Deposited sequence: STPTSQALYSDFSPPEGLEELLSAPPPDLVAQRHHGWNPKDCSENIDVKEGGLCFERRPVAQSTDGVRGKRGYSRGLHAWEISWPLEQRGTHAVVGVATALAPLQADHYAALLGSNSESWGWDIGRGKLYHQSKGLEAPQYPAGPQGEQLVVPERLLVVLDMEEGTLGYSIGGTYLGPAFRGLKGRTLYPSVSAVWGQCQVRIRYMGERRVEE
């Protein structure tokens, strides 16, 4: 877009999108998530309840170790809070904390984009991304995981912002998100492989 997206991304996004079963198959996992989040719509949406002093996350049902993978995340602006972090995670990242934090990316088992202030989190306990314009993240963002190249990048308003993270080769990564505000509805639409 203003960055060159991984090869074959335009093709997979143009193609007829995966059907309802495939998207659910790749959705939020009701059995891999904080006790404070409820997964709805067969995996396509998750809600964090209004629990105070807790940070909570969730992993997708499917973990990726090869190929190109994109999913669309839709996260209403007014349900973001102070720590809306969107990214990916090994099977080993913790999915809740008992204080307020940017949980996704605060360890070495996860990579997060802070879609509010535009910081990159990995082993954070942060560089800006994109590299005097205010970051504005629309309701809907594209998460692009390239496991052949080992990069995680994002796409907003028809613009690939380029790789946020490298060094992903050899891992098995799940879509993941970490949130602190409650009464949110955050949707995942897997776009394909």
property: Sequence order list of spans that the model leaves without C-alpha positions, deposited numbering; result: 1-9, 135-137, 144-146, 209-213
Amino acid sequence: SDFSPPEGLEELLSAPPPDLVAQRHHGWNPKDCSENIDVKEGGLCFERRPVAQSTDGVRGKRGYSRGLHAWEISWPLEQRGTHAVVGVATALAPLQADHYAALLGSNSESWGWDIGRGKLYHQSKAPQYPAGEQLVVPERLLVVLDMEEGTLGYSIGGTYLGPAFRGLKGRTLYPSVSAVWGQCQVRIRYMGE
From here on, numbers count along this sequence of modelled residues.
property: 174-182 or 18-26, whichever carries the higher mean Cα B-factor; result: 18-26
property: Segment of higher mean CA temperature factor, 133-141 or 57-65; result: 133-141
property: Top Cα B factor in the deposited entry, candidates 106, 90, 82, 74; result: 82
property: Peak C-alpha temperature factor (PDB record), options 126, 37, 168, 70; result: 126
property: Among modelled residues of the same chain, the CA temperature factor third for residue 48; result: lowest
property: Third of the chain, ranked by Cα B-factor, where residue 150 sits; result: highest
property: Chain third (lowest, middle, highest) by recorded CA B-factor, residue given as residue 114; result: lowest
